[PDB]
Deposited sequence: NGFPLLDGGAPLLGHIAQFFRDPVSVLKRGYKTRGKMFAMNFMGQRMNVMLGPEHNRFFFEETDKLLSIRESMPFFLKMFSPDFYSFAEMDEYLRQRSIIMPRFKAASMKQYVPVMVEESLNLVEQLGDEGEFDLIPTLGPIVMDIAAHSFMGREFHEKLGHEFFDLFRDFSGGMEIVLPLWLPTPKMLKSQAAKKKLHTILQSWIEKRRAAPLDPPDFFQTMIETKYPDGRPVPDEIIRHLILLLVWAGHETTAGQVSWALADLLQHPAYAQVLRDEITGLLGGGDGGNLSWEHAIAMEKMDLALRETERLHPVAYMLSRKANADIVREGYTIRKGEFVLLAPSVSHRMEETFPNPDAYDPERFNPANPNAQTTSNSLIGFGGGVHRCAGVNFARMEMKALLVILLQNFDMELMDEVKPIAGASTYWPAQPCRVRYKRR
């Protein structure tokens, strides 16, 4: 019946402890020894992994039909609500998604670039003329500054920014597990407590700005005044959930992804020089404070670098669904209720799709390359289909801004070898030595 089973499973535990220790290597061993469809054994549960563009297309296409999203993160419901976004019924999901999409399509990035540039320059200021910085701990707070400043406004970021960021780390803990009596980790209580406080703080700011509006409107003003397509008003609670969702969905992902991207550049000086020349051609000298959206969109080699870092180090190293019904696929049956996985980390390094898959070669995405590797559903570090990452343009633009400003200001080198760890981040410490240019 089932997907071909990966061998080497331990008694009782199966592969789960191996996965615990190094998930991508477990996933790669499935590709190398079993192929594009294989089962892992997680404590007696079959985990059905599919690889490559055809299976990726199927996974995205069948989400909300044969494949269920909610069981990938059931306690999203408690962080947010059972009627919110991808957890809501189809009609309601689409209505709420219609609030988000116009604010995050590629055209809409004009809005956000000045805040991205300003906070990047604040980072340059904090770093000074020379020193060393740890990647994730340094860039994480900047990603968060950009999120809060962009989606809540400058004033909120100055006045309430400190209290807001502390509640978020607790809020983000709300995906906790349990101990043998089904006794819970503290973290779920702290997450609930932070959620209630985040909601009161956000509601106060909604009321503040509706009493005292900012015209012309920023993101926040437009958000709290938006209605659904049919004309009905968007409930305040939905607004609050949406904003928290954006900050949550974009925080640890972007901080890790951009850290991988800088690391890739610092390990490939020839291409970093390609990037420095593109930035210099567009911006001239100086600290990069003149970086505009119009400059940004012209940065074609930066775009290639960001695609290549996504390919080599997708922080979304695995994606997850549960089957709503039995699925027969190429002779194997996924049973109803079993997990179904994509693995961007492994799919992205299939020689069948990406020749020389361990090489850093951004020009493989250049459409003028006859050898180009741009088939649809082959680069899936942002998902796909209806449930593609809503922030994919915001994330790529923010990485571009952070890297441009850092490249323009600093000579940099990696101090440590990079190491691993859904979530795939450089192992701390991953430090950069720098000296201002």
Deposited residues absent from the coordinates (by C-alpha): 422-424
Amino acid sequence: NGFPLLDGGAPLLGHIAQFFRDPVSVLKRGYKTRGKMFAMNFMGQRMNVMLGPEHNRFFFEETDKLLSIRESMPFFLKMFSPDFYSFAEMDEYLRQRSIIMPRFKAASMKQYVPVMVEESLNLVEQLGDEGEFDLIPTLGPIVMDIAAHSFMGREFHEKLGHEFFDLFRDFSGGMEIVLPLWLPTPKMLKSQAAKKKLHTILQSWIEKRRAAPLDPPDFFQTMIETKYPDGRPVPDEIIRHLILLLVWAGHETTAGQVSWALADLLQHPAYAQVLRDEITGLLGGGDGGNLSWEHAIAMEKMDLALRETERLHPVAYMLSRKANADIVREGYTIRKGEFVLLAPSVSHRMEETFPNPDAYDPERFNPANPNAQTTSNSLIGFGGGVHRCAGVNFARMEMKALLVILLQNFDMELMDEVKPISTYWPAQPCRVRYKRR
From here on, numbers count along this sequence of modelled residues.
Look up the CA B-factors in the entry and say which stretch, 148-156 or 172-180, has the higher mean. 172-180
Which is higher in the entry, the mean Cα B factor of 404-412 or that of 368-376? 368-376
Given 303, 91, 264, 294, the residue at which the Cα B factor reaches its maximum: 91
Top Cα B-factor in this entry, restricted to 97, 232, 321, 349, sits on 232
Hey, what third does residue 308 fall into on Cα B-factor, ranked over its chain? lowest
Residue 5 by Cα B-factor - lowest, middle or highest third of the modelled chain: lowest
Quick check on the deposited entry: does the C-alpha B-factor of residue 427 sit in the lowest, middle or highest third of its chain? highest
Could you look up the Cα B-factor of residue 211 in the entry and say which third of the chain it sits in: lowest, middle or highest? highest
Would you please rank residue 165 by its C-alpha temperature factor against the other modelled residues of its chain and give the third it falls in: lowest, middle or highest? highest
